[PDB]
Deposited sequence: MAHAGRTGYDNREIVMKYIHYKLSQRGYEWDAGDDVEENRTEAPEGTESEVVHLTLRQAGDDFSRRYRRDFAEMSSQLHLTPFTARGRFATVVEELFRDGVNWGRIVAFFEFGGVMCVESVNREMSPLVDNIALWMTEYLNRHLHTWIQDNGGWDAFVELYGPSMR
C-alpha cells in the first residue's frame, strides 16, 4: 500500500464510473467497499439521502460525518466506511452539477488519511495487513 493520494484517486474514479461518470490494495479496498454498502444497506441509503450538499456545506458535511465515524477509534471496517462515505459524497457532487467538489473531497480524504489515520494504519501492519486479512 503505497501513496494515500493514489489510493483515494483510484477509489473515487471507480465509484464515479459505477454511477456513469468519467494493485491488490486497490482491488481489495474496492471489493471491501462494495461488500460494506451491501451489508449495511439501510445505513448506506440513509447516508446517500442525508448529505444535502451545497457548494458551501460540503466541507462541513464531510467534517461532521468523519468525526462521528472515528469518534471511538480506528479499525479496518471504519476505514472502509470512510472510503464509501467519500464515494457517496463524490457521486452526489457530480449528480448536483458540483463536480469540482470531487477534487476538494479527494483532498479532504487524502489529508484525513495522512494526518489522522496514518499512525493507526502504520501500527497495524499497513495496507499489506489489510490485504493479508481481506484480500485473495
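Undergrad: Return the ranges of the deposited sequence not covered by C-alpha coordinates, sorted by sequence position.
TA: Residues missing from the model, as numbered along the full deposited sequence, span 1-7, 30-49, 164-166.
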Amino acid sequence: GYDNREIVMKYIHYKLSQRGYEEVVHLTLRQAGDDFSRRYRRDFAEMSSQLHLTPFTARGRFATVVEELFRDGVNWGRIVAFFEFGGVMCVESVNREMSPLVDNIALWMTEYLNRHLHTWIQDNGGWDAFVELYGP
From here on, numbers count along this sequence of modelled residues.
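Undergrad: Higher mean Cα B-factor in the deposited model: 126-134 or 1-9?
TA: Comparing 126-134 with 1-9, the higher mean C-alpha B-factor belongs to 1-9.
Undergrad: Higher mean Cα B-factor in the deposited model: 25-33 or 81-89?
TA: Mean B over CA atoms: larger for 25-33.
Undergrad: Which third, lowest, middle or highest, does the CA B-factor of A63 fall in along this chain?
TA: Ranked within chain, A63 CA B lands in the highest tercile.
Undergrad: Would you please rank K15 by its C-alpha temperature factor against the other modelled residues of its chain and give the third it falls in: lowest, middle or highest?
TA: Lowest third, going by the recorded CA B-factors of the chain.
Undergrad: Going by the entry, which third of its chain does the Cα temperature factor of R71 land in?
TA: It falls in the top third of the chain.
Undergrad: Lowest, middle or highest third of the chain for the C-alpha temperature factor of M109?
TA: CA B-factor rank for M109: lowest third.
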